[PDB]
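Shown here is one chain on its own, the form deposited in one PDB entry, set out as structure tokens.
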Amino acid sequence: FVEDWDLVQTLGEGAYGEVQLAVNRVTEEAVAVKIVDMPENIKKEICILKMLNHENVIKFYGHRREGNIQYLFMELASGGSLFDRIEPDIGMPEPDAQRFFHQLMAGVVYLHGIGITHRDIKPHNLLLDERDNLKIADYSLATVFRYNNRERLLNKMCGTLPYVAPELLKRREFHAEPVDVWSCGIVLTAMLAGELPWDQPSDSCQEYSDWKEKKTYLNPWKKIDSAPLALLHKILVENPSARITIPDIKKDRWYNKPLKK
């Protein structure tokens, strides 16, 4: 009801909808509410949200529908978004980046383990609690890629062009997991350089060709230390069948380097 909740401010807009800081008119509890203005899509999103139980995935509370409006209730992330911790053209301190990347991989390992692909991993969708623990949010593009132990290939184009893997632009069908791995490597680049390497990973994009030709003396690569750059060389591999998998990311030298807060 317009009587149970006060909409105090917009937190942003997701793939399919928009998000308000709602305050309870009775208890003053502050939550995030996603306000859906119109379906088969939200039925699917609510179903996936009900599956989620992990420290690095957003807490779902429940949902209400009123006419052509539906309301999804989630834990308000008191630390805001990772996007807001990235200093343009700088990034953030390498130890903070490494901890966030550890937590990102734990959330993604959890999702992939229950056969869910997120499909829109980017800093706008990665939230922080009051202890700066990272939470993977926005399940509006999420879908099942594994059921009864059988993999299904993806065939729909979606996500955010600077974060999408190249196969998603080129192939009629592709594996879900390597796409999410790619977008995590663009997130790591953003965290360490405070800039995105390209508009899209297409041959008609010069910044993408430059990377394929290994010109890491150019930005954003020249801002990144050799160890995390070496991980980014294994993640941002054009052929998804040669791209590093999460088990191997967990064996990376930089991933395992002790770093000082």
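Here the rigid core means the biggest group of C-alpha atoms that line up within 1.5 Å when the two forms are laid on top of each other. Start at 1 with the first residue shown and count on from there.
Unmodelled residues of the deposited sequence between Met38 and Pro39: 4 to 9. Between 69-77 and 144-152, the higher mean Cα B-factor belongs to 69-77. Of the two stretches examined, 182-190 and 107-115, the record assigns the greater average C-alpha temperature factor to 107-115. For the set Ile235, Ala227, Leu196, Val26, the maximum C-alpha B-factor listed in the entry falls on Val26. Per the PDB record, residue ranking by Cα B-factor puts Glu130 in the highest third of the chain.
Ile249: CA B factor lies in the lowest third for its chain, per the PDB record. Residue-level temperature factors show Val57 in the middle third of its chain, judged at the C-alpha atom. When the modelled residues of the chain are ordered by their C-alpha B factor, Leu218 lands in the middle third.
Although it is not shown, the form deposited in another entry is what the next lines describe.
Here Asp225 does not count as shifted, since its C-alpha moves by less than 2 Å between the shown form and the other one after the core is aligned. After superposition on the rigid core, the Cα of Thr245 moves by less than 2 Å between the shown form and the other one. After superposition on the rigid core, the Cα atom of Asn53 is displaced by less than 2 Å between the shown form and the other one.
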